[PDB]
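Quick note, the sequences are listed as chains E, H, D and A, same order.
Sequential numbering of the first sequence, starting at 2, is according to the UniProt record's numbering.
Sequential numbering of the second sequence, starting at 2, is according to the UniProt record's numbering.
Sequential numbering of the third sequence, starting at 3, is according to the UniProt record's numbering.
Sequential numbering of the fourth sequence, starting at 77, is according to the UniProt record's numbering.
Using N, Cα and C, we set each Cβ at its ideal position, and we do this for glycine too.
Below: the structure, in C-alpha cells.
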Amino acid sequence: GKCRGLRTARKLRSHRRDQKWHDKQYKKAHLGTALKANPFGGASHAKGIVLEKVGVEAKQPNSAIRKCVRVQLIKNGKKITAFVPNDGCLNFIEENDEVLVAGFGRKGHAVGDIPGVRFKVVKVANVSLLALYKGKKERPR
Amino acid sequence: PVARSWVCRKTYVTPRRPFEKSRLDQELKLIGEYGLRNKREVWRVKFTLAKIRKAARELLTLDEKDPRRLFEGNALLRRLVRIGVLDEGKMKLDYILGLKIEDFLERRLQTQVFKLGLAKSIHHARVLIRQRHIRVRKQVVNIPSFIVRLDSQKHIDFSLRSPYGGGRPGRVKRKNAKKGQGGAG
Amino acid sequence: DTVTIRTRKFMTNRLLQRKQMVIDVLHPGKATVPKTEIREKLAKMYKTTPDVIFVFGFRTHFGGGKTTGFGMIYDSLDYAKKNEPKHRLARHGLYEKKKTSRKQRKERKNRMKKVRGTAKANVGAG
Amino acid sequence: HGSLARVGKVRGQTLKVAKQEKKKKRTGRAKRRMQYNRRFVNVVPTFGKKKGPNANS
RNA sequence: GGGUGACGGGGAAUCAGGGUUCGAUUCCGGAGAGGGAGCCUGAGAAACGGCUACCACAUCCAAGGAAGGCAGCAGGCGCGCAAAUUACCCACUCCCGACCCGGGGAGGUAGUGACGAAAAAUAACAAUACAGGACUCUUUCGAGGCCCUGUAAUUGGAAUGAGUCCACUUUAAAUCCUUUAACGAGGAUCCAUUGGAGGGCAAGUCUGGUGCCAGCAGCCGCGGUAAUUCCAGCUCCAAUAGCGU
Ligand SMILES: [Mg+2]
Ligand SMILES: [Mg+2]
Ligand SMILES: [Mg+2]
Ligand SMILES: [Mg+2]
Ligand SMILES: [Mg+2]
Ligand SMILES: [Mg+2]
Ligand SMILES: [Mg+2]
Ligand SMILES: [Mg+2]
Ligand SMILES: [Mg+2]
Ligand SMILES: [Mg+2]
Ligand SMILES: [Mg+2]
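Next comes the structure, spelled out in C-alpha cells:
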C-alpha cells in the first residue's frame, strides 16, 4: 500500500511528483513540446494569409466536401488548413487576404467529420465573417 | 501610483445547472410575486442570504461562550432584526438558518410601497419609485431595492415636490390644461 | 425669503485669523442658490459684511431641497488677502493672475538654458 | 478530389421571403411579467396528458 | 549541472474539508537604464534626464570636426490576437530648494475606454369589448360581483425620464453628476440583443426550399425527395444591455 507514516512527506510528495507526468493533460502543459507544435504559438487566434482554397473531404459515415483555406501564419511562417464555416462563405474569401484564424473548439483535437482541420476562419480582411454571412458589413473595394 | 480604490465585488452568484427546470420555475414565480426586472436581481438576494448563512454556520462551529461567537453572532441578529426579517425573542442564531429568500424580498421599497397601499399593483409600485414619486423619511429614494429598515417603515409616503404627494401637476396635465385654455376655450 | 440656512460645526480658527464652519442650506423647490446670495444671507446673520466671507464646495443632495458646503469669515479683507487661496479671492475679483499658459513658460525656460549671462538675451528668449 | 463549385448552393437558391411585421415587443421587467402571467394564473387548466409551449397538431 | 511562457513577497482566481493555478501590474524589497566596462563629484551613486572608452545602432559636417540614448509623459514606427490624448493645472497629496513666495508629465484633472464591477429605463393604471376560473346563485343553460388574468381599441387621459436646454452648483479653469426653470411619448414611435428550439439541455414531429448536395454538429448525430438537426418564414426557449466564439 501507501507510505502513510509520519516523517514520509518527502517520499509522498516526491512520488506524486514523479507520477504527475503520467497524466496526459499535465505532460501537455509542462513539456514545452506542444507549445512548439502549436502553430498558434500559445495563442488564442492568429492572423495569416490565404494561399489556396482547398476542398477537404469528410470522414466516411458523412460524405461532403468541407471547403477549407490554406493559411500561412504571419507570426511563424507555419502553414495551416483552416475551415471556412457556414454556407457559401468560402466565396467571401478570395486568395491572399489576411484572415484571422481561431481554434475549432477542442484546444487541439480536430473536430467533426473533418480530418485534421484544427482551425476556423473568423475575420477576412478585418471584417468578420459572421457580419458577411448575415449581411451587415461588406468586403471593401 | 494613484489615489483610487480597485475594491469592488460581485453581488451575485449564477446557478451551476443552468436549465434545471424546477429552478427556472421558482425564480420566475419570485419575479412575478415581486416585480423584478431580471433573473439576476433574484440571484442578488439569494447571495446576500447565502453570505448570512455562511456567517451563521461559522458561528455555530465556535463553542458557546467563545467571545468571537457571542459578539459577532449578536451583531448579525441585530443587523437582521433592523431590516424586518427576524423577530426579537427569536434572536439566537440557529433561527437564521431557517430563514428564506421571500423574507428578504419582502423588505424592499417596491414591496413596502405596494404593501403600504400607496401603489395599485407591484409594477406600478416599481414605476412610482423610479419616477421620484415616493420619498422615504425625507429623501426621494429613487431605488426599488432599497431595503426598508423596520425602524424606517412608518415614514414611507409620496414625495412632496410631486403630482401625487400634493405639488405641481405633471407635464401631461399641464399640456391638457393649456389645450383646454387656448385651443378649445 | 423662503430659502433658510443653518450653521454646522462652527469653529473659531484664531490662528488662521478667521471663523470657519459648515454651511447647511435648505431651499426646497429652487435651483441651488448662487454663492452670492449665501454670502449676503450670512452677512446679515453674522453681522460682518459679505466682503470677508468666502464660501465654496456646495453640493446639492438628491430630491433637491438641501445643499451643503463649507464657509469661513475673515476678520478683515487685509487678513483674507493672505490666509486664502489665490483662486478663491479672484472667485470674487480681488487677486487675479497672469495669462502666461504653463506650456509657454516651460518652453521659454528651456531656451535660456541654451544661453549664458546676457541679461538681454535671457530677457528676450521667448 | 471533388470541386469547390457548389459552395453556397443552398444559401443561393432558397425561396426569398419577407421578415413580416407584428409589434414592438415588451422588454425587461414587462416581458418577465408577461411570461409569469402566462404560466401561473391565466391558463392553469384541467390537464390532458401534459402541455407544450410551442405545440402544433 | 541544466531549464523556466521564473524578479521575491504582500496578495489574485477558484474552491465543502483538503487543495490546484496565478502573481509584469499602483504597497514592500530587488535589479536595469541599448550592450558590456571604468570612473568624477558627493553624506549617499559604481548615477545614466553625470562623464570616459569600446561594441551595436544611428544625426549635421564648410568633411577638419561635432553631437546621442522615452523600461519619465504624451506621440510615432515596428512587432504583433493583444492595449488610450503630443489635452489642462499646480488648486488637492506630498516632494525638493537659500524658500510662508519658485519648481515638480511625482501627483491631480479632463479625453479614449463593453478590462471588469455597483445601481438601474425601454412602460403603469383605468373603464370597455371580451376570454377564463376560486365564491354566491343555478338541475344544466344563465346571472351578482368583493376576486381577477390574456388579447385587442390606444378607447381614456394621468405619470415620467432619454433628449434638447436657460441658470445655479461643481471646479485651479472647466466638464460629469447633483439642483432647476422652459420644451420633450401613441408607439408606424424614443423599435433589444445575442444565441438556441432531436438528445445531452430550456424550447415546434408547423409550412416552404435543398436531396449524403449545399450545410449544420464541442459529443451522440442530421442530410441519399414527407429533413423535428441543413437554408428560410412563422411561432417558441434562455439570458438580457448584454450575449456569442
Ligand atoms: Mg526564460
Ligand atoms: Mg517597486
Ligand atoms: Mg529602449
Ligand atoms: Mg543603478
Ligand atoms: Mg552607469
Ligand atoms: Mg530618458
Ligand atoms: Mg484591450
Ligand atoms: Mg504619471
Ligand atoms: Mg459589466
Ligand atoms: Mg430603447
Ligand atoms: Mg440541445
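| request: Starting from H/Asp95, trace the alpha helix (DSSP H) both ways and give me its first and last residue. | output: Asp95 to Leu98
| query | How many whole angstroms separate the CB atoms of E/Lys60 and E/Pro116, which I take to be in contact at a CB cut-off of 8 Å? | reply | 6 Å
| task | Assess, as a yes-or-no matter, whether the region 50 to 70 of chain D is touched by the region 22 to 31 of chain D under the definition of 3 or more beta carbon pairs within less than 8 Å. | result | The region 22 to 31 of chain D makes contact with the region 50 to 70 of chain D: 3 or more CB pairs, one atom from each, lie closer than 8 Å.
| said: In this structure, how does DSSP classify A/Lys85 when only helix, strand and coil are distinguished? | reply: helix
| said: My output table needs one value for E/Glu53: the three-state DSSP class, helix, strand or coil. | reply: strand
| query | Residues in its own chain within less than 6 Å of H/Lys116 by CB, not counting five upstream and five downstream? | reply | Cβ contact annotation for H/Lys116 (same chain, cutoff 6 Å, sequence separation greater than five): none.
| query | Is the CB-CB distance between D/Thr6 and D/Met23 below 7 Å? | reply | No.
| said: Going by the DSSP bridge assignment, what does D/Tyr76 pair with across the sheet? | reply: D/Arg20
| query | Can you tell me where the alpha helix (DSSP H) with E/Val123 in it begins and where it stops? | reply | For E/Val123, there is no enclosing alpha helix (DSSP H); the enclosing beta strand (DSSP E) has its first and last residue at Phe120 to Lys124.
| query | Bridge partners of E/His23, per DSSP? | reply | Its beta-bridge partners do not exist; DSSP assigns none.
| task | Note down the Cα distance separating D/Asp77 from D/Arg20, rounded to an integer number of angstroms. | result | Taking C-alpha positions only, D/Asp77 is separated from D/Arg20 by approximately 6 Å.
| field | Every unbroken alpha helix (DSSP H) inside the UniProt domain "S4 RNA-binding" (108 to 182) of chain H [4 residues or more] | value | 110 to 115, 123 to 131 and 172 to 179
| query | If we call anything under 7 Å between Cβ atoms a contact, is E/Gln73 one with E/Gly49? | reply | yes
| request: Work out the CA separation of H/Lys155 and A/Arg109 for me, nearest whole Å. | output: 29 Å
| Is the beta carbon of E/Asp88 less than 7 Å from the beta carbon of A/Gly84? | yes
| message | For A/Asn130, list the residues DSSP reports as bridge partners. | response | In DSSP, A/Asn130 forms no bridge with anything.
| What residues from chain E crowd round A/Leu80, counting only those whose CB sits closer than 9 Å? | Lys54, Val55, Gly56, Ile66, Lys68 and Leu91
| Backbone CA spacing between A/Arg114 and A/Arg105 [nearest angstrom] | 14 Å
| message | Please identify, using Cβ separations under 8 Å, the residues of the region 96 to 129 of chain H that lie next to chain A, in order along the chain. | response | Cβ contacts with chain A come from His124 and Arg127.
| message | Give me the DSSP bridge partner(s) of E/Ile66. | response | E/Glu58
| task | List the residues that DSSP assigns as beta-bridge partners of D/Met114. | result | Answer by DSSP bridge pairing: none, since D/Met114 is not bridged.
| task | Could you give the DSSP three-state label for H/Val46: helix, strand or coil? | result | helix
| task | Classify residue 76 of chain A as buried or exposed, calling it buried when 16 or more other Cβ atoms lie within 10 Å of its own Cβ. | result | Examination of residue 76 of chain A is not possible in this model, given that chain A is present from 77 through 133 alone.
| Going straight from the alpha carbon of E/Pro40 to that of E/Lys135, what length do you get? | 30 Å
| field | chain H contacts made by the region 103 to 121 of chain A, where a contact means CB separation under 9 Å | value | Listed in chain order, the positions of the region 103 to 121 of chain A with a beta carbon within less than 9 Å of a beta carbon of chain H are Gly104, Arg105, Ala106, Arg108, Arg109, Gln111, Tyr112, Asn113, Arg115, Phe116 and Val117.
| said: Taking its Cβ as the centre, do 16 or more other Cβ atoms sit within 10 Å of H/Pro68, making it buried, or is it exposed? | reply: exposed
| request: Leaving aside the five residues before and after D/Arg110 along the sequence, list all residues of the same chain whose C-beta is less than 6 Å from its C-beta, in chain order. | output: Excluding positions up to five away in sequence, the list reads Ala127 and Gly128.
| With a cut-off of 7 Å, does the C-beta of H/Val141 fall near any C-beta of chain D? | At least one chain D Cβ lies under 7 Å of H/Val141.
| request: Quick one: measure Cβ to Cβ for E/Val122 and E/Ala65, integer angstroms, because I've assumed they're closer than 8 Å. | output: Not really, about 18 Å apart at Cβ, beyond 8 Å.
| message | Taking its Cβ as the centre, do 16 or more other Cβ atoms sit within 10 Å of H/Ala120, making it buried, or is it exposed? | response | buried
| Does DSSP classify E/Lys108 as helix, strand or coil? | coil
| query | Mind checking if D/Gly73 is an interface residue toward chain H, Cβ cutoff 7 Å exclusive? | reply | no
| query | To the nearest angstrom, how far is it from the Cα of A/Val86 to the Cα of E/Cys90? | reply | If you take the alpha carbons of A/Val86 and E/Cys90, they lie about 12 Å apart.
| task | Entirely within the region 20 to 72 of chain D and at least 3 residues each: give me those beta strand (DSSP E) ranges in chain order. | result | 20 to 28 and 55 to 62
| DSSP state of D/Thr9 mapped onto helix, strand, coil | In the structure shown, D/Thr9 falls within a strand segment according to DSSP collapsed to helix, strand and coil.
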